[PDB]
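In structure tokens, the next block holds one chain alone, the form solved without beta(2-thienyl)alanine (TIH).
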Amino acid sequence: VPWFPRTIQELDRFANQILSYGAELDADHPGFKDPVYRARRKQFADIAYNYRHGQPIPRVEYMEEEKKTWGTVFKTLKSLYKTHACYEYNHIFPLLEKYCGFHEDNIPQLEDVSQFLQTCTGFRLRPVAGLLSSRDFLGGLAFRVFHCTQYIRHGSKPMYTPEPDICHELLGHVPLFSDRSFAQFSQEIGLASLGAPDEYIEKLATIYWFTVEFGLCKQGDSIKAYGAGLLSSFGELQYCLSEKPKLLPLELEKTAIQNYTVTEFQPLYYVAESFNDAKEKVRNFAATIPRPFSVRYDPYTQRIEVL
């Protein structure tokens, strides 16, 4: 059985198991030829490298150029949320603006955002430099821990990123973690992953793609976006609620094996009835994963109980 963390501090092992040779090193990265941007990325990676559970997340002073990039992404996306984002998103966004400094001329600091999520649902952030394995990323969710980038995309192409950057995490992921039902749903995926065989990890990663990253949900008689990758994509957020894509009900035996690509708009989305119903479905799917034990998180001690 694969090793998995049993205490929240044990997530500290992940930082020495990331992909070391990251996207910003590629010839086609928007910032590839910018040595200043290169050094900035390395500085953020070093903060995540040295971070340890329990510490406050170091604050960073963002440059004017970084704030400009943030403000372009923020103001162009914000125009779609009232109409395209789910209720839970719009409900919390004004509080993020009031208490977390979410505004076009200011990049929120992860420590503030983390304390805010803690008050809402117990979720917390940890800074992460580069790409975690699916197993390690998902396992953090068991503890209501979200590994979060601190860096920003290159300012030459503000509307484009080949990777999660701080605009994706804060405008795409964070608002849903403020919701109890969504937090329980995403934690359920994390719990399903612990000690699961690699073959089932890939399936959970695919369910994750079609829910947390690109999911749509029913809302009264309508349909709204909740996936992080939709909420942080101006073009795909408008497309996903148009007549063009195909929609199917969330059905995890099907969703789990569905292929997808990361470089175009999704041709197909799965619709969740609700976050509670998705959570039930994940729980049922997880019972089908060959594991010689069952797992439960204890938030009082921040430990996983293994039976």
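Position 1 is the first residue in the sequence shown; the rest follow in order. If you superpose the two forms and keep the largest set of C-alpha atoms that fall within 1.5 Å, you have the rigid core.
Note that the form deposited with beta(2-thienyl)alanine (TIH) bound isn't included here; everything after this is about it.
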- [ ] Work out which of 116, 74, 209, 200 lies within 4.5 Å of beta(2-thienyl)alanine (TIH) in the deposited bound form, going by heavy atoms.
- [x] 209
- [ ] Answer with one of 88, 213, 188, 112: the residue that has a non-hydrogen atom within 4.5 Å of beta(2-thienyl)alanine (TIH) in the deposited bound form.
- [x] 213
Task: Per-stretch contact check against beta(2-thienyl)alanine (TIH) in the deposited bound form, the hit in 180 to 188, 215 to 223, 157 to 165, 91 to 99 (non-hydrogen atom, 4.5 angstroms) - done: 157 to 165
- [ ] May I ask you to state whether residue 195 is within 4.5 Å of beta(2-thienyl)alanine (TIH) in the deposited bound form, using heavy atom distances?
- [x] no
Task: residue 108, heavy atom within 4.5 angstroms of beta(2-thienyl)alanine (TIH) in the deposited bound form - done: no
TODO: May I ask you to check whether residue 293 falls inside a 4.5 Å heavy atom distance of beta(2-thienyl)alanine (TIH) in the deposited bound form?
DONE: no
- [ ] Find out whether any non-hydrogen atom of residue 121 is located within 4.5 angstroms of beta(2-thienyl)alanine (TIH) in the deposited bound form, and reply yes or no.
- [x] no
Task: Every residue of 49, 299 and 302 near beta(2-thienyl)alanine (TIH) in the deposited bound form, heavy atom within 4.5 Å - done: no
Open item on the list: Using a 4.5 Å heavy atom cutoff, which residues in 215 to 248 contact beta(2-thienyl)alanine (TIH) in the deposited bound form? It's fine if the answer is none.
Closed with: 229, 232, 233
TODO: Please find the residue from 42, 254, 59, 68 showing a Cα shift of 2 angstroms or more between the shown form and the other one, rigid core superposed.
DONE: 254
Task: Large Cα shift (2 Å or above) at residue 118 between the shown form and the other one, core-fitted - done: no
Open item on the list: Would residue 218 count as moving between the shown form and the other one, using a Cα shift of 2 angstroms or more after superposing the core as the test?
Closed with: yes
- [ ] Using a rigid core alignment, state whether the CA of residue 11 is displaced by 2 Å or more between the shown form and the other one.
- [x] no
TODO: Please say whether the CA atoms of residue 20 and residue 163 come closer or move farther apart in the deposited bound form, knowing the change relative to this form is 3 Å or more.
DONE: closer
Task: Comparison of CA distance in the deposited bound form with shown form for residue 25, residue 108, at least 3 Å - done: farther
